[PDB]
Each structure stands twice: as structure tokens, then as C-alpha cells.
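Take a look at this single chain, the form deposited in one PDB entry, given in C-alpha cells.
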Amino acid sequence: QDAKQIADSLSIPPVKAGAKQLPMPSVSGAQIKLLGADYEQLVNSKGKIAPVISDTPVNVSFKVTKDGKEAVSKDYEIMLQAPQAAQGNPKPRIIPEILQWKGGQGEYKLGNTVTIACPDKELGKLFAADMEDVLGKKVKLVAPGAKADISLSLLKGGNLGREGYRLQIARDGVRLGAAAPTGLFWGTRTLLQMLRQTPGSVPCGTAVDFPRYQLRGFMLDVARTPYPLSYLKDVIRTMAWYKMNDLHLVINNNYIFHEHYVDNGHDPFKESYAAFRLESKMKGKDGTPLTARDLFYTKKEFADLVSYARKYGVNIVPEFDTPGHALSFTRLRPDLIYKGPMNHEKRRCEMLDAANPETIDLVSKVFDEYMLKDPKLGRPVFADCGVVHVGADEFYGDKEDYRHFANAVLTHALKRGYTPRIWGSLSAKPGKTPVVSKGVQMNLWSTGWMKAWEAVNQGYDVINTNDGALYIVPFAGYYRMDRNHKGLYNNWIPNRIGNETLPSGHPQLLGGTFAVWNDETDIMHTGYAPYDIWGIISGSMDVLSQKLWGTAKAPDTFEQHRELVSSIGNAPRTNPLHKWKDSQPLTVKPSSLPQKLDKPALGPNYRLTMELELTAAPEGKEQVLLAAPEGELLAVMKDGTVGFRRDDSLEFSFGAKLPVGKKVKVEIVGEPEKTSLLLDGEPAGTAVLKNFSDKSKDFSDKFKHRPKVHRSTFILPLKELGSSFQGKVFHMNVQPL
């Protein structure tokens, strides 16, 4: 006698071949429903099966009812069989993998010019410029429905859904069809990756392709250390390139290790690093603003960032951390700092009193500034954000008080017309105060704080965000997922969340998100840059994008997957390393200053050579020698030294000064994480982050956490020469190495 053991012994009837309905397993004393498939587009809740052009695996699971209990089943892989009417060309290797492919006859060679018909004006313009970048040929947009080489068209009906697409290649041209304009955009990514491998020709055949999961995401901690907008748009295009579509951005956070200031005689509430990256009218009675003072986003900048990411299929999800990680808020309202008992009293200043109604009032006001209409924009700043993340990971006080606050902030978003996302913490914070679940998204980041199984039964849509598997803390001893890309690529599946496993077809499973946390910042900051973590961010993407969009099994080895990542290269019109196209040098003998150069910024490795003479060095006045949006090369700083400021706002000093009134030969050597200075051939010093060096001065010993490496990556600015340089520049040379 089985007793909802039935579920792990079920017998799926044959499924015949090319059937229309999923046959159902029957067991005498039990009632058995269909929970769902991993490809809802192939086997729906109603059990109806869609045709396939190539044999595709689908994982179904069930609810077995017998006596008064249930349990959801294990996954059953059925494989929908296609009619093998033909066979032809092999499937093109794409990241992520194409689900279905029917090989065809021959090739479609491209002409000296390419024409494209597209009913989406903004999509068609995007597509054509990505085309010219990859091909080098020049691409024409034709009327939507005129005679063209590649024709994008919106198909009605079908199973594709908002992210599917039918890509068809014949030797008379290419025809991309989708149900929504968003799946048409993913079709371009597939076509562009092929054209990356064979720019002259694409094999004939039909490609039908679906994402297995709805939410394929990357969170970025843009609060503990700054990230310029230009970098975040490199991230949007690189995610779109691997068909990832969820950019979760932490807008406010603060330095974790407030103890470092306490144990050394300082006030963390007064010196710990905190940030709120969005522009805000909010200011405290003491005039202190909520918006971060070193780098922030204006409301229009952010509103435009969200619309840009939507053009490339990515939904930006902004997060406001409360009541924890809220040192930016408590600095406005010290009277709301939680005062109750707690387990690590040295980290109090970052905690809002979630029990105080005058705290929910404040958090609501901050939210409303972006959820309600903005006067200047004529619409909310978060107008294009369907999902807003309300934070709510932890509260040091009563568990019931946490639940009341969690329910307040989740419902605030629901009543303002927004879907909320929350860090799963209800297992850690159980209680009788009801917390809303229907309409609410939850990040399953830790199993001790929220069990995946009890999250789905309480009624949440869940996102695999598991810390042991998907957290990256750059250059840290713990949370180094960037050294496990091989294991992720081979074993990681979205429905296994820590040591729990959901069925891949559970409808409340949205997908998964990997996370980048910048813990070792402030008085621990090594000086690393958004450039310095690009390789692991982009490399985390190219692995997880396969396991999020594709089937449960990697189509190749990790080693083959990485040499395909190389053939396909960066995303169209995306140069995150500022590599130059030709390694010939740039030579300038300036006529007078400032000289305008108008060359692209140059990343490592490079060497800068200049013959110059400093005519004056008034004290306290900065002297910009090289300038571009990526940063400034400071001939003289406020302390008199040579150094530079990056576009992430971190400043660095070489510790050397230029002689006033002397001809000097200046060389600067740019390497990954090392920028070196040589004056007259002699080593003048190596760059050191100056941003948070104070405060930690007088800490003396017992600051075992001072940064032990000094990283100073510097993308060379090359737009204007000698902006505010009080001197002459005789000769200047830039050389990629």
C-alpha cells in the first residue's frame, strides 16, 4: 500500500507521438492533478501539448491526493517527439542553447548591404546598428512589410508567448516571427551570435525557442560602492546578449562592519559608509541629504535607464533596504533608530524601528517619491518598473513587529499599483501577524531564513537566490561563486534551492538570480573598480543564462562552452574593457592648451608618455591633465600629488609631485588593478585609493582589516588634453601593450 509514495512511483501513459493531450496516471485510491511542466509553452496547466520540430524534453509533476494529505510529485521527463520529415544542417551553437531546430538545406549568404523590415521602429533601429557593428556592412531599414533580406513580424496565436520566437532561414532570406516584440528582440540576439561566428552566411533551417524560466536575473550592489550609468548599460546589453532579463539594483545600503569603528574609538553612525543612489528631495533637519554625495542618479537618468533596459528586454528592479541596512535613513531620523535588545549591539545605527508607526510613515514617503507622479517627468520615476523590491531581510526587534512592517511595505507597493519583491525571511520570523502573499515576489536567498517549500505553500512566487550557490563578494575569502562557474554550468538547476528541490514545473518558481555584494568597501576598500569585476560578472552570466533559459542539461562541457563564449565575443556595440581596435600609438605634439583629442578611452594594458613642464602649482587647486567621461588624470591634486579620479568617483594618488618649472618626462603604466608612475624614468610611486584612508588613520593596530592589496585600475581618459593644466605639454604618446 502506497501512501503518497504514489507520486514517486507514478506511471505516465505512453504519450503516443505528436499527441494533443497529456495522458494522465491513475491510481485507485488517489486523486491526481497536474501541477505543471517546466515548459508551460509545451504542456500547459490544462495538459494540452504543443508540436515540436525537434524532440524536446518536458518535465511534469503532479499533486497526489489520498486520505486527507498530499505531496507534490517528483519530476517526470516525458519527451515530446517531432515528426522527422527531414534532416539537414546541424543546430547553431548559441548562448543560451536554442531549444528546437529543424535542419535545412544549404546556406543563406548575405549581400554587401542588408535590408530589414520591422514593425517595431525602436527595435528595428536597435537591430540595424547592432548589425552594422557585427557585419561591418551597412544595413538599411525598409518599410514594415516591404521586400527585405530579414523580416521581423508579429505572429498571432501560437505557443511562443512573450519571450518565444520562430527563426527561419532560407536561401531567399531570413524571417523572424514572435508573439510579442520582446521575443523578436531575443531573436536578433540569436541571429547576431551566429553572424558573430559566420558573418557571411547563416545555415538554413527553422529555430523555435522558448525560455524555460520567466525570471533570469542579476542583482548588483550599486550602493556600497559606486557604479556609473555607462557601466550599468554595458550590463544591460551583456545580459540581453545572453537573454537575461532581470536587473535587480540595490539603491541604498551601508558598510556592514560597524564594529570596526566602535572597537577603534569611532562612531559608525557618523563614519560608516552609507549611500542612496537616487536623487531625492529628502534632507534632514541638520541639512544632511538622503541622496549620496559622491555618485548618484538623477530621477530622469534613472527613468531613462529603465526605458533603455526595456528596449533590450531587461526589467530593472530597484530595491530600497528597510528597516535594515538603512544608515542613509537613520541619519535623517536618528530618533527612529531601533533601541531594543539585540544580538550584535555594535551594528545598531543602521536599524530602523520597524515597530514605530512614525518609521513606516518615513519609508512610505521615500517610496512615494518614485511611485507617485513626479512633477517634472509628468509620471512616476518608477513608471516603467513593474516590480519594486521592498527589502525587509531582517529586523532586530520583535518577530511580530517585523511581520507587521513587512506586510506594510509589501501592501504599500500593491496599493500603489506595483508588484513587490521581498527577501525571504519568514521562516526566521514566524508569527501570527498575517503577511500578504498573493501578488508578492520573494527572493529565496537562505534556507534558514525561508524554506523553499514553506514559501510556496504560503503562496509566494519564489526566486532562487541561494547564498551558498549564487553570491559573489569580490576579492573576498567567502562567497566566491566566481571560482565555481564549472560546477554551476554542469549541475546547477533553478528548481534546486539549497538542499530543497522544487519540481522544475512548479508555477510559483519564477527563475533565479545571482548576486554581487560589495562587502569589503569603505575602510577595507582595496580600490577595485567595476572594470575589475567585469570578467566574473559577464562570466557568471554566460553560464547561468544557459541554465536559466535552457533545459536542465548543459549541451556541452564547461570547457567547450567557454571557447564558444570567445567566438561570440562581447555584446554588439559593447566594449567593457575599452580595448582599442588597432594597437597603433596616438602621438600628439600640442599646439596650445587645452587640446581636444576626441579618442576613445583606453583600458589596460597601455603606457602613457608625456614631455611636460609645470609652470605653477598653486596650493589647493586641482589641475586636470587628461579628461573624458571615464575619469580625469590629475597632474596636481589638492594635496599637490599626481593622481586621478575615476568615473566611479574613487580617487587615487601616486604619492609623488611634479617639479614646478622643470621639464619632466612623465610615464604612467596601466595594468589590471595596477597603475604605476615613473618621473624621468625613476619609479615615482604606485597609485593608492585615497577615498577612505582618513578615519582609518589613528585606528593604528587592531585594524587587521586594513586593505592588504592596493588596486588601482585606471581607464585612460583621452577626450581633452590639459583641461586645467597650468603648464606646457610638449609631447604626448599613448601605446596599447
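Residue numbers here begin at 1 and follow the sequence given. Rigid core (definition): largest C-alpha set, two forms, superposition within 1.5 Å.
If you look for the form deposited in another entry, you will not find it shown, but the lines that follow are about it.
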Of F514, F395, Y242, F652, the one whose Cα moves 2 Å or more between the shown form and the other one after core superposition
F395
Do you see a C-alpha shift of 2 Å or more at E70 between the shown form and the other one, with the core held fixed?
yes
Core superposed first: is there a CA shift of 2 Å or greater at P23 between the shown form and the other one?
no
